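Here the structure comes first, spelled out in structure tokens, and everything after it is commentary.
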Amino acid sequence: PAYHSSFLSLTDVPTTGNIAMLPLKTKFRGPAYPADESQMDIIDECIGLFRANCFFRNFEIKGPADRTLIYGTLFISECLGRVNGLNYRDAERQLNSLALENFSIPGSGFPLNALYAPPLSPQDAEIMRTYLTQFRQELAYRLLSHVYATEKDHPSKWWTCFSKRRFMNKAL
Amino acid sequence: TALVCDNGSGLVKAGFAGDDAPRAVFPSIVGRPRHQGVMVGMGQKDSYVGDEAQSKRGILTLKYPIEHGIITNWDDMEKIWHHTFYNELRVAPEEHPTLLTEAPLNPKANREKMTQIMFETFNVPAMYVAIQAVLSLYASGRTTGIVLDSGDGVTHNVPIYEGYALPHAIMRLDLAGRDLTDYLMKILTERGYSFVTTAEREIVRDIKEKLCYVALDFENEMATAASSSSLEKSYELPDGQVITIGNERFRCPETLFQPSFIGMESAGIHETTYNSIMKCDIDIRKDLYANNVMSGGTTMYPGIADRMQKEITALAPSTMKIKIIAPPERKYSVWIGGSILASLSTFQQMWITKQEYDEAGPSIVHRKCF
Amino acid sequence: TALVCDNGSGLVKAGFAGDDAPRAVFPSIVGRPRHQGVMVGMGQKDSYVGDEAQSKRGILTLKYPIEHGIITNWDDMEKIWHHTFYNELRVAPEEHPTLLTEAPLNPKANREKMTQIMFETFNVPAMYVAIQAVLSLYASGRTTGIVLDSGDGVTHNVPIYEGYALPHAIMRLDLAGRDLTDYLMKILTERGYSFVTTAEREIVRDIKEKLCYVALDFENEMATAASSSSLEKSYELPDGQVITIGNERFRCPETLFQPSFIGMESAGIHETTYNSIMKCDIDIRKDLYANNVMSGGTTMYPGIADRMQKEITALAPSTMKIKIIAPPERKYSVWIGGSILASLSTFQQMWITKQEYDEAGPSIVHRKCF
Amino acid sequence: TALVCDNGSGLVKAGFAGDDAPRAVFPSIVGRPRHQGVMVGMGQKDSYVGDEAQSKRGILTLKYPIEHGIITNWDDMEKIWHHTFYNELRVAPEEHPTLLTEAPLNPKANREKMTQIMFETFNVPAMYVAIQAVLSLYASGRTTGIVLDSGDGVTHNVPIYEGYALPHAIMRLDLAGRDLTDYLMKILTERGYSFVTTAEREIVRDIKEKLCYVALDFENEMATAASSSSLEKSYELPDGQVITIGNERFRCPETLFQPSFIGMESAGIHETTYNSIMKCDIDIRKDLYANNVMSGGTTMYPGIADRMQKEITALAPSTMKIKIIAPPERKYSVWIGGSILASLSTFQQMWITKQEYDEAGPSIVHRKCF
Ligand SMILES: Nc1ncnc2c1ncn2[C@@H]1O[C@H](COP(=O)(O)OP(=O)(O)O)[C@@H](O)[C@H]1O
Ligand SMILES: Nc1ncnc2c1ncn2[C@@H]1O[C@H](COP(=O)(O)OP(=O)(O)O)[C@@H](O)[C@H]1O
Ligand SMILES: Nc1ncnc2c1ncn2[C@@H]1O[C@H](COP(=O)(O)OP(=O)(O)O)[C@@H](O)[C@H]1O
Ligand SMILES: [Mg+2]
Ligand SMILES: [Mg+2]
Ligand SMILES: [Mg+2]
């Protein structure tokens, strides 16, 4: 079967709607708790699993950690749509602009509004947005270290080929 | 926190990003004493700025370090910027990324010297220079329109449509509040009054700020002033004597519609706004006539938006609806726009950083800002 | 059901097999911004398609990826096909067979890249490429006739007798509505009005679509307009200024009957139709004359069916009834007849399938779509 | 003898037939005083013309009555023709037939009013209106060529082969000497030099005619000028103060190759020439590429012919010679061609006589001239 988040084995994790606000290694501002710099976190997992997971056409969600891994998986498919033909520097500015621009959260054009819960209060919506903006800025910045690993002025074709591999036939 | 400084020709307006109005608003002025000062030991100093220089205007000589939107004295400009950070905002500039304002069609060296002073002398984290017209459109909360800004030193038109400026249709007129102060100071001589000192310039500016208005039909205001006293109004000088002002009260602002009053050949603000719309592409003109955004203190006269609507209705074809958008916050709509722009989440990757000014030098501002 | 996509030179016309009319109809245009994008955010895009390009056009360079019925830009044609499926029809193309169309006597590579992009980009389950004039004959309720189809980029004549096409008698003429729009720009310049940009070319296309018509006798109409105000009438631009035109209303369409007005050395659409009938075998000509079928937007002029009948009656022998079939829905007859064909049960065996493309490559189209 | 009068958008060029160069060459300007004129006996007059307006330019406002090759002010144009005949040539129009000039793709009301004024106001015996670029090919000593003509108001391409013009392949661009002057006034502001009056437009035109040149490799000249060097050069204004300019010398005419510098959506003069050749019949293209003819003063920048030859060589296929003809007299080649055409012993049937103007009215000119 497909690969699920190792962070589904975590417990008492902070949550919004039914996203898990998992420990995150990042330098962007936002609510996410600093992870250990020495260990894999959900973004090292999400990019490491993405290019296997985007081929499967069946996925059963174990909890809020997988709902977070899925939102990341769908956003990596958006990034690999945005990145094509760019220099590494143009790609960093384009994919940060993509990460920052106004997006639908669950409970609002959201593609998976049946599998994700609406925000639990008018204040839960703001913590869900301020988490998802920080997460997807880090997710964009981290992906670029892989697609521009060997060369710096053109995205690796070994990553651009997943740009049409629409995970579970869903997209943001 | 980011700083926003609207670096005006007649007033400095300054504050933080996300504040709804400037924290500081003061004369863009530096001055030196013109008298012996023989009673030494009462805290005298060699030069003064802003409200202090304005309050002592009789014993001072007053200079503006900006002329027509161009910094003409860079030592006096850094003395004003030091005073914005340390006296008015009361912050360290090396902790605050700073947004700056400029007119379009300025000397390239003005923007470069404004850049190197910020990094070399105020040690700023990051900086940006915005063309002050698009800030007036951010304060107006719209994607489309022709901005008319008329400040102290310059008047300019900028067409924007759906977020895109038309830089060929942009045009500037080197006539605004300073030139109207010079012309009022001239025509009050026709009634036998005299104003020549740099203090008396500020007394005539302080008159212009409150007595003057724009005629809706200039020849009718002239003919009614030639047959009644009802258009005359009166003012008291700081010396205590009283003056009366008549057709001079609208003949001053009429210079914006007839620049030949000061010997200029150039088109009036209605004619230049229309010619800037006509220089734009045929499909956008409809939405420019629907969005003439007024900005800056020379747009604050009573009746000017009604006159501008009358005049642009005469120049445009009769089938279509023209409106002038002239908010109460006209004086600050540039700074308010800078407050909005500096607060946008997508703007935070557009700041020109010290850590890229380092290898590129002062020419970084032309490649990074606009 | 199956999609029918009549991706013509000027309009994309799209919908579902068995529907009464196309439910997606939009300009075959990609637009890209030609100006300084100064405001950050603002909902801006790298390019715009169809009605979004047509409504933003004052800031866009507009270009059609298809000219003379041939795809000149495949990257923008994929952008248009994406807009048909995902934005305009709101379908998964991997769920639906697609009937595509093209004009006869096209390059072989056009059919190949069109089948390749449908199977490899849009992942379609099945597709077919029909000749546009053969589709237009199903929309007539006929199985014999000669179809004169004229779109934006190409005019063609296809004679069919009892379901057999006569491919030696097929005529193509690379003159249709875009050449008439370019000629209307060239002659509007003589009355005082210059239209120059790709955006202004859409204004003069809209003038052509509601002011222009075909004269029954050109030299009498030309003399009637030269001697009276009665043929003259007016149009209002987006800018609210008014255009008046006279003989330009029938001089533009007369280029279909007199191609030398645009410098072409070819027979007009009437004589090209007669030359196609005269290339057919002698027994079939009587039934072709009684069944001249008009199609495409360039046949929508007032008076063109009356003119076409007058002109063919002078070429044919007087001993027989010439009949021109010009339905009011002939604006869409290629699409209408594609929706008939795509709903027939034998046609369900005629599709190129995914499995069959994967085994054979894009050359499969040349040995299955005729 | 016959008069020849090239009605340029920027200069009148006039003389008799068969003379080697124009007798009269002066600005196509009317000037009017813009000041009170208090001094009695100063010799002031209601309006000024040509070099009399140019030598008074400090006290006048200067109007060109031709915009883009179209007369926009007929009262000031007949004042220019009156000055031409009675002051500059010093002859009676009643005794001399007149050859006049007009750009192609031009409002036919211009040609009608122009012929009406010669028969009604000057009572000229006979006249003609030649196409501007067809005269330049007579001066070139040729009967095959594509003529790139660029004056003060209009740039156009006329392809002609064996004495036949291809009017469908004629192309017109409303970008020439004034558009480049106005762009030079725009970019001179980047140094802080301000030019805004109509007299200052003449000073910037007088700079353009000797400081500007065409870069062969524009982006390499932009890189070369960044290292300050002999690329930057000086000019002295009428007031005795001096200006220095660098890349402004070649950004100036680069607008001919990049019309997007002034916000136009059009091909440069190289792509416009190539599009006109590619619109001609396939057999004549080789002889047009070998006979590419330059005329009008806006073709007189140093390096323009060398850059045009480089650009057309990159657009066209490499197998055949591409030759550009740029005579040292190309400033006057239209008037020279008129001096030939009015002199040719086989042209005298082609003049419009007063006797047939009195039968038909001014619409006679459309039957004789094209
Ligand atoms: N109410 C007013 N009526 C007339 N002139 C005004 C008014 N308010 C301000 N001004 C004038 O406009 C200028 C100040 O406006 P401002 O927009 O701040 O100019 P700037 O930004 O260029 O310094 C000064 O010349 C001032 O005298
Ligand atoms: N009422 C009309 N009168 C004249 N021309 C028309 C009319 N309606 C459409 N056209 C022209 O027909 C062309 C579009 O026709 P269409 O059949 O859709 O062409 P295509 O299939 O090749 O894209 C355009 O040139 C358009 O201006
Ligand atoms: N030496 C020159 N170098 C560059 N440009 C020139 C020169 N002499 C004249 N011009 C150009 O020619 C224009 C003058 O008009 P002209 O060539 O006579 O055209 P027209 O016939 O339309 O009046 C000038 O404004 C300038 O653009
Ligand atoms: Mg200001
Ligand atoms: Mg078509
Ligand atoms: Mg000329």
Side-chain angles (χ1 to χ4, degrees), chain B residues 6-13 22 25-29 64 66 68-69 101 103 132 136 149-155 176-182 184 201-202 204-214 252-253 295-302 304 330-335, chain C residues 6-13 28 66 69 101-103 132-133 136 149-156 176-178 295-298 331-335, chain D residues 6-13 28 66 69 101-103 132-133 136 149-156 176-177 295-298 331-335:
Chain B
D6 177 30
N7 197 59
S9 168
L11 298 174
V12 177
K13 13 277 156 68
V25 183
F26 68 94
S28 195
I29 294 184
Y64 293 84
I66 292 161
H68 305 291
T101 66
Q132 65 196 10
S136 306
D149 180 350
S150 187
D152 174 76
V154 61
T155 295
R178 197 87 68 80
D179 315 87
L180 299 180
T181 306
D182 291 346
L184 184 59
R201 165 182 293 292
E202 299 299 308
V204 179
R205 191 194 50 50
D206 289 338
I207 290 161
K208 186 188 60 49
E209 248 70 306
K210 65 178 60 75
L211 291 198
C212 293
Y213 77 100
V214 170
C252 162
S295 176
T298 292
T299 69
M300 292 257 54
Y301 297 108
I304 195 168
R330 256 167 281 175
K331 287 184 296 285
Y332 311 119
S333 66
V334 177
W335 185 93
Chain C
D6 186 31
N7 40 246
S9 25
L11 295 173
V12 186
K13 296 157 292 281
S28 197
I66 173 172
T101 81
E102 70 171 6
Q132 289 168 342
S136 164
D149 184 20
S150 57
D152 194 54
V154 55
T155 296
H156 50 274
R178 199 179 297 172
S295 288
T298 292
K331 182 68 150 63
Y332 305 113
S333 59
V334 178
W335 189 90
Chain D
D6 182 15
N7 298 322
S9 295
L11 292 98
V12 179
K13 294 165 289 286
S28 180
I66 300 189
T101 63
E102 197 185 63
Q132 198 90 20
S136 183
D149 189 23
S150 62
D152 206 38
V154 58
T155 293
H156 46 264
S295 64
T298 295
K331 190 65 167 277
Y332 311 114
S333 66
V334 177
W335 183 88

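Numbered from 1 within each chain, the chains take letters A, B, ... in sequence-line order. Every heavy atom of this structure was used, including side-chain atoms; hydrogens, water molecules and symmetry mates were not. Counting starts at 1 for both ligands and their atoms, in listed order.
- Judged by distance alone, with hydrogens and angles left aside, the side-chain atoms of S333(B) form no donor-acceptor pair with the main-chain N or O of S136(B) at under 3.5 Å.
- Residues satisfying the ring pair (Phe, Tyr, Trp, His ring centres under 6.0 Å) test with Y301(B), not counting sequence neighbours, are none.
- Side-chain contact, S295(C) with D149(C): no donor N or O sits under 3.5 Å from an acceptor N or O.
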Enumerate, one pair per line, all nitrogen or oxygen atoms of ligand 1 lying under 3.5 Å from a protein nitrogen or oxygen, stating the separation to 0.1 Å; write 'none' if no such pair exists.
residue, atom, partner, partner atom, Å
ligand 1, 1 (N), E209(B), O, 3.4
ligand 1, 5 (N), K208(B), NZ, 2.9
ligand 1, 5 (N), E209(B), OE1, 3.3
ligand 1, 10 (N), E209(B), OE1, 3.4
ligand 1, 15 (O), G297(B), N, 3.3
ligand 1, 17 (O), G297(B), N, 2.8
ligand 1, 18 (O), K13(B), NZ, 2.9
ligand 1, 19 (O), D152(B), N, 3.1
ligand 1, 21 (O), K13(B), NZ, 2.8
ligand 1, 22 (O), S9(B), N, 3.4
ligand 1, 22 (O), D152(B), N, 2.9
ligand 1, 23 (O), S9(B), N, 3.1
ligand 1, 23 (O), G10(B), N, 2.8
ligand 1, 23 (O), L11(B), N, 3.0
ligand 1, 25 (O), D152(B), OD1, 2.7
ligand 1, 27 (O), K208(B), NZ, 2.8
ligand 1, 27 (O), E209(B), OE1, 2.8
ligand 1, 27 (O), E209(B), OE2, 2.8

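- A distance-only check finds no donor-acceptor pair linking the side chain of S9(C) to the backbone of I66(C) [under 3.5 Å].
- Remark: side-chain polar atoms of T101(D) are paired, donor with acceptor, to backbone N or O of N7(D) under 3.5 angstrom.
- For the atom pair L11(C) CG and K331(C) NZ, the distance stands at 5.5 Å (nearest 0.5 Å).
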